[PDB]
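Just the one chain here, laid out as structure tokens, in the form deposited without 4'-hydroxycinnamic acid.
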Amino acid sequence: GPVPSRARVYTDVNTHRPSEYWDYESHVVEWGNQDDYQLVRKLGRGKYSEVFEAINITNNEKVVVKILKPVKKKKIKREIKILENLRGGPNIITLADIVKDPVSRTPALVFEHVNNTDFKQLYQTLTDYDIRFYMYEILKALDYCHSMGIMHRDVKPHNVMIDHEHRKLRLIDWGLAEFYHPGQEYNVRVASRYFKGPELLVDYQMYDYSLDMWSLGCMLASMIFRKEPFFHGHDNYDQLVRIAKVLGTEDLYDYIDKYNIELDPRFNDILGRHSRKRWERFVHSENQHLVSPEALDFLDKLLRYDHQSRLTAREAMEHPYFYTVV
């Protein structure tokens, strides 16, 4: 079968901690008062959640209320435990309260409010410096959650809130996050299609924190090249073909050979043969002010088939691309 793998960093953080820490199924949840909060407006709608702007009527402070469709109790417990574990970490959304609606029997998570600036409006006003600054802020959040034995598994622009006026960034939506246990085989049906790492697409279940580093690389490539998304798959099989059109099919076979992965027969007639492209090929007149040899070098070290060969969040923070930031 497939060759086993483990993370290169923070490998045994959960193994050396008591059960209390990672055993979310045994975690005791305590509700606050739903009447402390008045809902203002709908902010968004997710697969299993509805997000609202609200007012905490006891202190007149704005909050964010994430109402969960209680589809799977185990998943709600997991997110609550993870949020509690990460509470106060750099650039991590702060869980402030957990409440329930007794009439509809519905749980809700209460967060610190984040004054998010528009993604489609930011995309053109941002400078080379701004990209470096916010990428470093996301890395602070990932290095922290990885050090806490947690993989986010859903890194994408929609899960990154930015209050540009105050240069404040928060990594949100911890509903797909999971505790990392070396040797564990995880469900590959995580992340959003465009941000899925090759390990997910070839159904390699023994993945780790490095998955988040692929997803971050997809975000960086889309920002510096002004191409959203960078890898535009139309389905999960086509997604690997879009990556192969950039990274080449040679390094893809080296990857699957290294881990003795069995490629699904659905890849037989669509994968084709593709040469390894130079990152310089994606530079155009519309994006050249955001591209530099340091950015390309950094990107090349993130977007690698081999999850083990990708930079960790800490190594990424030490890259020359971030020499200009504090």
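A residue's number is simply how far along the shown sequence it sits, counting from 1.
Unshown form deposited with 4'-hydroxycinnamic acid bound; subsequent notes refer to it.
Only one of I243, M161, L86, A96 has a non-hydrogen atom within 4.5 angstroms of 4'-hydroxycinnamic acid in the bound PDB entry; which is it? Here the answer is residue option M161.
Check for me: heavy atom within 4.5 Å of 4'-hydroxycinnamic acid in the bound PDB entry, for each of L247, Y305 and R310, yes or no. Answer is no for this spot.
At 4.5 Å between heavy atoms, is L299 in contact with 4'-hydroxycinnamic acid in the bound PDB entry? Taking the distances in the bound PDB entry, the answer for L299 is no, it never comes within 4.5 Å of 4'-hydroxycinnamic acid.
My question is simply whether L43 lines the interface with 4'-hydroxycinnamic acid in the bound PDB entry - judged by any non-hydrogen atom within 4.5 Å. Answer yes; at least one heavy atom of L43 falls within 4.5 Å of 4'-hydroxycinnamic acid in the bound PDB entry.
At 4.5 Å between heavy atoms, is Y144 in contact with 4'-hydroxycinnamic acid in the bound PDB entry? So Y144 does not count as contacting 4'-hydroxycinnamic acid.
Is there any non-hydrogen atom of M206 lying within 4.5 Å of 4'-hydroxycinnamic acid in the bound PDB entry? No, no contact at 4.5 Å.
Which residues in 154-182 have a heavy atom within 4.5 Å of 4'-hydroxycinnamic acid in the bound PDB entry? Counting only heavy atoms within 4.5 Å of 4'-hydroxycinnamic acid in the bound PDB entry, the contacting residues of 154-182 are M161, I172, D173.
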